[PDB]
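Chemist: Sharing model-v1.cif, mmCIF, C-alpha atoms:
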```cif
data_upload
#
loop_
_atom_site.group_PDB
_atom_site.id
_atom_site.type_symbol
_atom_site.label_atom_id
_atom_site.label_comp_id
_atom_site.auth_asym_id
_atom_site.auth_seq_id
_atom_site.Cartn_x
_atom_site.Cartn_y
_atom_site.Cartn_z
ATOM 1 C CA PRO A 101 18.031 22.076 50.688
ATOM 2 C CA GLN A 102 15.121 24.316 51.320
ATOM 3 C CA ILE A 103 15.900 26.933 53.977
ATOM 4 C CA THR A 104 13.239 29.005 55.733
ATOM 5 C CA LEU A 105 14.110 32.422 57.073
ATOM 6 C CA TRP A 106 12.922 32.324 60.592
ATOM 7 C CA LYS A 107 16.514 32.195 61.700
ATOM 8 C CA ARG A 108 19.618 33.688 60.040
ATOM 9 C CA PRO A 109 20.563 31.414 57.109
ATOM 10 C CA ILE A 110 23.951 30.360 58.358
ATOM 11 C CA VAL A 111 25.543 27.329 56.761
ATOM 12 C CA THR A 112 28.845 25.395 56.862
ATOM 13 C CA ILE A 113 31.338 26.146 54.084
ATOM 14 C CA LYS A 114 34.489 24.366 53.080
ATOM 15 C CA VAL A 115 37.037 27.038 52.080
ATOM 16 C CA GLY A 116 40.817 27.331 52.195
ATOM 17 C CA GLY A 117 41.236 23.763 53.506
ATOM 18 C CA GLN A 118 39.106 24.758 56.534
ATOM 19 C CA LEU A 119 35.467 24.753 57.700
ATOM 20 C CA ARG A 120 33.785 28.095 58.258
ATOM 21 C CA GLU A 121 30.243 29.223 58.988
ATOM 22 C CA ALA A 122 28.784 31.896 56.725
ATOM 23 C CA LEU A 123 25.561 33.781 56.170
ATOM 24 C CA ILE A 124 23.666 33.359 52.944
ATOM 25 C CA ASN A 125 23.066 36.947 51.836
ATOM 26 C CA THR A 126 20.993 37.711 48.755
ATOM 27 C CA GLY A 127 21.611 41.397 49.415
ATOM 28 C CA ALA A 128 25.340 41.008 48.922
ATOM 29 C CA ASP A 129 26.998 41.124 45.556
ATOM 30 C CA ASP A 130 30.275 39.513 46.793
ATOM 31 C CA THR A 131 31.503 36.793 49.201
ATOM 32 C CA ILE A 132 33.781 37.669 52.094
ATOM 33 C CA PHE A 133 35.570 35.763 54.859
ATOM 34 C CA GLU A 134 37.550 37.181 57.771
ATOM 35 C CA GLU A 135 40.955 35.653 57.629
ATOM 36 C CA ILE A 136 41.539 32.438 55.868
ATOM 37 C CA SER A 137 44.571 31.660 53.860
ATOM 38 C CA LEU A 138 43.911 31.235 50.114
ATOM 39 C CA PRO A 139 46.080 30.250 47.167
ATOM 40 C CA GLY A 140 47.146 32.349 44.202
ATOM 41 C CA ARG A 141 47.500 35.949 43.342
ATOM 42 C CA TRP A 142 45.414 38.579 45.033
ATOM 43 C CA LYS A 143 44.807 42.241 44.523
ATOM 44 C CA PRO A 144 43.472 44.928 46.880
ATOM 45 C CA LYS A 145 39.826 45.854 46.513
ATOM 46 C CA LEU A 146 37.944 48.756 48.203
ATOM 47 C CA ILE A 147 34.535 47.838 49.394
ATOM 48 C CA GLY A 148 31.768 49.623 51.259
ATOM 49 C CA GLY A 149 31.709 53.381 50.852
ATOM 50 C CA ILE A 150 28.896 54.329 53.180
ATOM 51 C CA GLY A 151 30.843 55.924 56.038
ATOM 52 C CA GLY A 152 34.202 55.266 54.423
ATOM 53 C CA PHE A 153 35.812 52.306 52.576
ATOM 54 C CA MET A 154 37.272 49.028 53.657
ATOM 55 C CA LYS A 155 40.255 47.497 51.961
ATOM 56 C CA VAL A 156 40.282 43.758 51.377
ATOM 57 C CA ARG A 157 42.205 41.175 49.358
ATOM 58 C CA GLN A 158 40.492 39.842 46.262
ATOM 59 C CA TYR A 159 41.253 36.200 45.230
ATOM 60 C CA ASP A 160 39.761 34.959 42.046
ATOM 61 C CA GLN A 161 38.605 31.512 41.069
ATOM 62 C CA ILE A 162 38.493 29.997 44.516
ATOM 63 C CA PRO A 163 36.653 26.732 45.093
ATOM 64 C CA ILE A 164 34.308 26.424 48.028
ATOM 65 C CA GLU A 165 31.539 24.028 49.165
ATOM 66 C CA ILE A 166 28.346 25.605 50.468
ATOM 67 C CA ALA A 167 26.505 23.109 52.499
ATOM 68 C CA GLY A 168 27.884 20.372 50.242
ATOM 69 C CA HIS A 169 27.462 22.119 46.917
ATOM 70 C CA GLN A 170 30.598 23.048 44.968
ATOM 71 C CA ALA A 171 31.077 26.629 43.671
ATOM 72 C CA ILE A 172 34.016 28.525 42.124
ATOM 73 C CA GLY A 173 34.217 32.283 42.324
ATOM 74 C CA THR A 174 35.899 35.372 43.688
ATOM 75 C CA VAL A 175 36.448 35.448 47.430
ATOM 76 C CA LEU A 176 37.303 38.589 49.366
ATOM 77 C CA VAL A 177 39.309 38.321 52.562
ATOM 78 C CA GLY A 178 39.129 40.936 55.293
ATOM 79 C CA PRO A 179 37.387 41.725 58.598
ATOM 80 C CA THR A 180 33.740 41.032 58.613
ATOM 81 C CA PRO A 181 31.186 40.758 61.427
ATOM 82 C CA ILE A 182 30.065 37.501 59.915
ATOM 83 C CA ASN A 183 31.401 35.597 56.839
ATOM 84 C CA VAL A 184 29.064 36.171 53.922
ATOM 85 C CA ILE A 185 28.120 34.137 50.890
ATOM 86 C CA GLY A 186 26.939 36.591 48.239
ATOM 87 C CA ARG A 187 25.259 36.319 44.882
ATOM 88 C CA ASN A 188 28.540 35.639 43.013
ATOM 89 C CA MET A 189 28.635 32.242 44.716
ATOM 90 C CA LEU A 190 24.914 31.629 45.067
ATOM 91 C CA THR A 191 24.435 31.667 41.269
ATOM 92 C CA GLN A 192 27.068 28.900 41.010
ATOM 93 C CA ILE A 193 25.036 26.515 43.173
ATOM 94 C CA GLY A 194 21.749 27.425 41.515
ATOM 95 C CA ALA A 195 20.287 29.053 44.568
ATOM 96 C CA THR A 196 16.933 30.743 44.197
ATOM 97 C CA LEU A 197 14.450 32.603 46.320
ATOM 98 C CA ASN A 198 10.951 31.123 46.143
ATOM 99 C CA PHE A 199 7.517 32.159 47.418
ATOM 100 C CA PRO B 1 7.745 33.260 41.900
ATOM 101 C CA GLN B 2 11.250 31.941 41.611
ATOM 102 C CA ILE B 3 13.952 34.606 41.749
ATOM 103 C CA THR B 4 17.420 33.759 40.441
ATOM 104 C CA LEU B 5 20.410 35.744 41.729
ATOM 105 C CA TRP B 6 22.265 36.824 38.635
ATOM 106 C CA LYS B 7 21.046 40.388 39.296
ATOM 107 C CA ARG B 8 20.179 42.108 42.564
ATOM 108 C CA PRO B 9 16.722 40.799 43.678
ATOM 109 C CA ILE B 10 14.772 44.042 43.563
ATOM 110 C CA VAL B 11 10.964 43.827 43.655
ATOM 111 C CA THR B 12 7.950 46.083 43.647
ATOM 112 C CA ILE B 13 6.328 46.865 47.053
ATOM 113 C CA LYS B 14 3.038 48.446 48.016
ATOM 114 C CA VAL B 15 3.293 50.105 51.466
ATOM 115 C CA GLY B 16 0.991 52.830 53.048
ATOM 116 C CA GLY B 17 -0.561 53.703 49.716
ATOM 117 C CA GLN B 18 2.767 54.108 47.973
ATOM 118 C CA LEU B 19 4.689 52.063 45.350
ATOM 119 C CA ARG B 20 8.296 51.432 46.023
ATOM 120 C CA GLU B 21 11.170 49.169 44.991
ATOM 121 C CA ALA B 22 13.103 47.138 47.557
ATOM 122 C CA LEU B 23 15.971 44.618 47.713
ATOM 123 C CA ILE B 24 15.151 41.163 49.040
ATOM 124 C CA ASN B 25 17.911 40.651 51.589
ATOM 125 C CA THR B 26 18.199 37.296 53.391
ATOM 126 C CA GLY B 27 21.127 38.824 55.291
ATOM 127 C CA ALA B 28 18.905 41.437 56.925
ATOM 128 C CA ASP B 29 16.874 40.701 60.063
ATOM 129 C CA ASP B 30 14.584 43.714 59.518
ATOM 130 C CA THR B 31 12.805 45.696 56.781
ATOM 131 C CA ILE B 32 13.610 49.349 56.202
ATOM 132 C CA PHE B 33 12.337 52.121 53.898
ATOM 133 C CA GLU B 34 13.201 55.762 53.702
ATOM 134 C CA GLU B 35 10.891 58.241 51.899
ATOM 135 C CA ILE B 36 7.610 56.768 53.113
ATOM 136 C CA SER B 37 4.905 57.915 55.509
ATOM 137 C CA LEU B 38 3.055 55.348 57.623
ATOM 138 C CA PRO B 39 0.089 55.710 59.882
ATOM 139 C CA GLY B 40 -0.288 54.629 63.460
ATOM 140 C CA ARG B 41 1.994 54.584 66.464
ATOM 141 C CA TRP B 42 5.716 54.115 66.241
ATOM 142 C CA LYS B 43 8.598 53.984 68.642
ATOM 143 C CA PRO B 44 12.250 54.843 68.128
ATOM 144 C CA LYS B 45 14.777 52.063 67.507
ATOM 145 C CA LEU B 46 18.571 52.184 67.417
ATOM 146 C CA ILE B 47 20.429 50.433 64.708
ATOM 147 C CA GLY B 48 24.239 50.031 64.743
ATOM 148 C CA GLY B 49 26.410 51.119 61.834
ATOM 149 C CA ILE B 50 29.813 52.502 60.971
ATOM 150 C CA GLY B 51 30.446 55.312 63.474
ATOM 151 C CA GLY B 52 27.789 54.370 66.111
ATOM 152 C CA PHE B 53 23.962 54.138 66.189
ATOM 153 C CA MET B 54 21.227 55.487 63.932
ATOM 154 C CA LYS B 55 17.776 56.261 65.260
ATOM 155 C CA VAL B 56 14.857 55.131 63.114
ATOM 156 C CA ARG B 57 11.067 54.904 63.549
ATOM 157 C CA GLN B 58 9.682 51.441 64.194
ATOM 158 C CA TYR B 59 6.141 50.797 62.999
ATOM 159 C CA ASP B 60 4.696 47.427 64.026
ATOM 160 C CA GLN B 61 2.029 45.387 62.240
ATOM 161 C CA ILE B 62 2.206 47.256 58.937
ATOM 162 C CA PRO B 63 0.514 45.761 55.980
ATOM 163 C CA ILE B 64 2.547 45.520 52.792
ATOM 164 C CA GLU B 65 2.387 43.781 49.488
ATOM 165 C CA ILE B 66 5.633 42.275 48.256
ATOM 166 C CA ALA B 67 5.631 41.283 44.597
ATOM 167 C CA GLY B 68 1.859 40.592 44.955
ATOM 168 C CA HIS B 69 1.874 38.787 48.262
ATOM 169 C CA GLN B 70 0.283 40.211 51.378
ATOM 170 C CA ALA B 71 2.213 40.389 54.670
ATOM 171 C CA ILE B 72 1.970 42.133 57.974
ATOM 172 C CA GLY B 73 5.105 42.938 59.913
ATOM 173 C CA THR B 74 7.321 45.581 61.386
ATOM 174 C CA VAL B 75 8.667 48.289 59.069
ATOM 175 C CA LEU B 76 11.476 50.622 60.029
ATOM 176 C CA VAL B 77 11.556 54.070 58.456
ATOM 177 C CA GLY B 78 14.825 55.946 58.177
ATOM 178 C CA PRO B 79 17.796 56.596 55.860
ATOM 179 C CA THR B 80 18.919 53.621 53.846
ATOM 180 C CA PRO B 81 20.932 53.357 50.623
ATOM 181 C CA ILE B 82 18.287 51.057 49.211
ATOM 182 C CA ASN B 83 14.916 49.944 50.634
ATOM 183 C CA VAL B 84 15.294 46.490 52.132
ATOM 184 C CA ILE B 85 12.913 43.549 52.661
ATOM 185 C CA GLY B 86 14.411 41.535 55.466
ATOM 186 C CA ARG B 87 13.650 38.135 57.049
ATOM 187 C CA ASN B 88 10.857 39.532 59.234
ATOM 188 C CA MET B 89 8.767 40.044 56.097
ATOM 189 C CA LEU B 90 10.152 37.170 54.030
ATOM 190 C CA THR B 91 8.865 34.656 56.625
ATOM 191 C CA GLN B 92 5.354 36.100 56.251
ATOM 192 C CA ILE B 93 5.276 35.572 52.465
ATOM 193 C CA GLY B 94 6.698 32.054 52.868
ATOM 194 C CA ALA B 95 9.937 32.830 51.029
ATOM 195 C CA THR B 96 12.596 30.175 51.057
ATOM 196 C CA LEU B 97 16.120 29.725 49.809
ATOM 197 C CA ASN B 98 16.450 26.626 47.597
ATOM 198 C CA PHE B 99 19.379 24.856 46.022
#
```
Re-express the file's structure as structure tokens.

Modeler:
Amino acid sequence: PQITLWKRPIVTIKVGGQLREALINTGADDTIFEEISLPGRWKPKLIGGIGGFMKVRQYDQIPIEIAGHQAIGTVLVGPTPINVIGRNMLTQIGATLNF
Amino acid sequence: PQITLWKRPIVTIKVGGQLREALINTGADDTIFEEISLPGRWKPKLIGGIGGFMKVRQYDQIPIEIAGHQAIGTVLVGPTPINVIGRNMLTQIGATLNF
């Protein structure tokens, strides 16, 4: 797909046996969802820092589908205003910015 | 240009006679710089964050050059961990997300 930026780039994701909506965020290093159940081992991760830190659960090697395109990568789980697809997943689908 | 996402998408900006670096952020509605001076009228704007609201200066119809491409759009000036080019300016340069 080619997505313009006149609206927030929110797309449907398959993750954790569920459908979720997430924001495509080139400014984010990582991918985070609010509360989904994921398989495997996790470890705590501190994220943020500006104002304080947030603690989240880090799951590695999780498969997702971003608007139909398959990607494997680390997924963080914790509270988030909006679920976010970050660069760790965007590289896997070959996403680029073009102008 | 075509920007891949293996590294943070930081680009050179010309704004009010200054050279700066900024992060291209599809997850940001707005564009913000810190250490810049801009001419013309502004009005205050509140932006929400951890711990409440931050007051910044909103300058409308500011010309900028983003990686060589001319735009006009609103620029906020206030503290930010990194300068950010948000969707308001990315639409003007015709930037798209592609996969």

Chemist: In Å, how far is it from atom CA of residue 139 of chain A to atom CA of residue 152 of chain A?

Modeler: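 Atom CA of residue 152 of chain A lies at a distance of 28.6 Å from atom CA of residue 139 of chain A.
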
Chemist: Return as a PDB file with C-alpha atoms, in the frame of the given file the residues belonging to chain B that are within 7 Å of chain A, counting only C-alpha atoms.

Modeler:
```
ATOM      1  CA  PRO B   1       7.745  33.260  41.900  1.00  0.00           C
ATOM      2  CA  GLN B   2      11.250  31.941  41.611  1.00  0.00           C
ATOM      3  CA  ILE B   3      13.952  34.606  41.749  1.00  0.00           C
ATOM      4  CA  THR B   4      17.420  33.759  40.441  1.00  0.00           C
ATOM      5  CA  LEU B   5      20.410  35.744  41.729  1.00  0.00           C
ATOM      6  CA  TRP B   6      22.265  36.824  38.635  1.00  0.00           C
ATOM      7  CA  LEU B  23      15.971  44.618  47.713  1.00  0.00           C
ATOM      8  CA  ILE B  24      15.151  41.163  49.040  1.00  0.00           C
ATOM      9  CA  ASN B  25      17.911  40.651  51.589  1.00  0.00           C
ATOM     10  CA  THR B  26      18.199  37.296  53.391  1.00  0.00           C
ATOM     11  CA  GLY B  27      21.127  38.824  55.291  1.00  0.00           C
ATOM     12  CA  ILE B  50      29.813  52.502  60.971  1.00  0.00           C
ATOM     13  CA  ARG B  87      13.650  38.135  57.049  1.00  0.00           C
ATOM     14  CA  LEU B  90      10.152  37.170  54.030  1.00  0.00           C
ATOM     15  CA  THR B  91       8.865  34.656  56.625  1.00  0.00           C
ATOM     16  CA  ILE B  93       5.276  35.572  52.465  1.00  0.00           C
ATOM     17  CA  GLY B  94       6.698  32.054  52.868  1.00  0.00           C
ATOM     18  CA  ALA B  95       9.937  32.830  51.029  1.00  0.00           C
ATOM     19  CA  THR B  96      12.596  30.175  51.057  1.00  0.00           C
ATOM     20  CA  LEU B  97      16.120  29.725  49.809  1.00  0.00           C
ATOM     21  CA  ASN B  98      16.450  26.626  47.597  1.00  0.00           C
ATOM     22  CA  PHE B  99      19.379  24.856  46.022  1.00  0.00           C
TER      23      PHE B  99
END
```

Chemist: Excluding residue 164 of chain A and its own-chain neighbours fewer than 6 positions away, which residues fall within 10 Å of it when counting all atoms listed in the file? Please give them as a PDB file with C-alpha atoms, keeping the file's coordinate frame.

Modeler:
```pdb
ATOM      1  CA  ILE A 113      31.338  26.146  54.084  1.00  0.00           C
ATOM      2  CA  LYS A 114      34.489  24.366  53.080  1.00  0.00           C
ATOM      3  CA  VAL A 115      37.037  27.038  52.080  1.00  0.00           C
ATOM      4  CA  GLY A 116      40.817  27.331  52.195  1.00  0.00           C
ATOM      5  CA  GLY A 117      41.236  23.763  53.506  1.00  0.00           C
ATOM      6  CA  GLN A 118      39.106  24.758  56.534  1.00  0.00           C
ATOM      7  CA  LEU A 119      35.467  24.753  57.700  1.00  0.00           C
ATOM      8  CA  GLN A 170      30.598  23.048  44.968  1.00  0.00           C
ATOM      9  CA  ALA A 171      31.077  26.629  43.671  1.00  0.00           C
ATOM     10  CA  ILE A 172      34.016  28.525  42.124  1.00  0.00           C
ATOM     11  CA  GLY A 173      34.217  32.283  42.324  1.00  0.00           C
ATOM     12  CA  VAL A 175      36.448  35.448  47.430  1.00  0.00           C
ATOM     13  CA  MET A 189      28.635  32.242  44.716  1.00  0.00           C
TER      14      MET A 189
END
```

Chemist: So, with all atoms listed in the file as the atoms that count, which of A:160, A:183, A:121, A:130 lies closest to residue 148 of chain A?

Modeler: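 Among A:160, A:183, A:121, A:130, it is A:130 that comes nearest to residue 148 of chain A.
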
Chemist: Have a look at atom CA of residue 182 of chain A and atom CA of residue 134 of chain A and let me know their distance in Å, one decimal.

Modeler: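 Spanning atom CA of residue 182 of chain A to atom CA of residue 134 of chain A is a straight-line distance of 7.8 Å.
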
Chemist: Superposing chain A on chain B by least squares with every Cα paired in order, what RMSD results?

Modeler: 0.8 Å

Chemist: Find the distance between atom CA of residue 159 of chain A and atom CA of residue 179 of chain A and write it in Å to one decimal.

Modeler: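 Separation of atom CA of residue 159 of chain A and atom CA of residue 179 of chain A: 15.0 Å.
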
Chemist: Run the PyMOL selection byres ((chain B and resi 57) around 9) against the file shown and list the residues it catches, as a list in words.

Modeler: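 Answer for the PyMOL selection byres ((chain B and resi 57) around 9): residues 42, 43, 44, 45, 46, 55, 56, 58, 59, 75, 76, 77 and 78 of chain B.
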
Chemist: Since we have the selection now, will you write its residues out, keeping C-alpha atoms, as a short mmCIF file (atom, residue, chain, number, x, y, z; two decimals), keeping the file's coordinate frame?

Modeler:
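Writing done, so here's selection06.cif:
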```
data_model
loop_
_atom_site.label_atom_id
_atom_site.label_comp_id
_atom_site.auth_asym_id
_atom_site.auth_seq_id
_atom_site.Cartn_x
_atom_site.Cartn_y
_atom_site.Cartn_z
CA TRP B 42 5.72 54.12 66.24
CA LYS B 43 8.60 53.98 68.64
CA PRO B 44 12.25 54.84 68.13
CA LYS B 45 14.78 52.06 67.51
CA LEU B 46 18.57 52.18 67.42
CA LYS B 55 17.78 56.26 65.26
CA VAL B 56 14.86 55.13 63.11
CA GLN B 58 9.68 51.44 64.19
CA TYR B 59 6.14 50.80 63.00
CA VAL B 75 8.67 48.29 59.07
CA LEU B 76 11.48 50.62 60.03
CA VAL B 77 11.56 54.07 58.46
CA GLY B 78 14.82 55.95 58.18
#
```

Chemist: Output, as lines of an AutoDock Vina configuration file, the centre and edge lengths in Å (one decimal) of the axis-aligned box that contains all listed atoms of segment 26-45 of chain B with 3 Å of margin on each side.

Modeler:
```
center_x = 10.4
center_y = 47.8
center_z = 60.3
size_x = 27.4
size_y = 26.9
size_z = 22.7
```
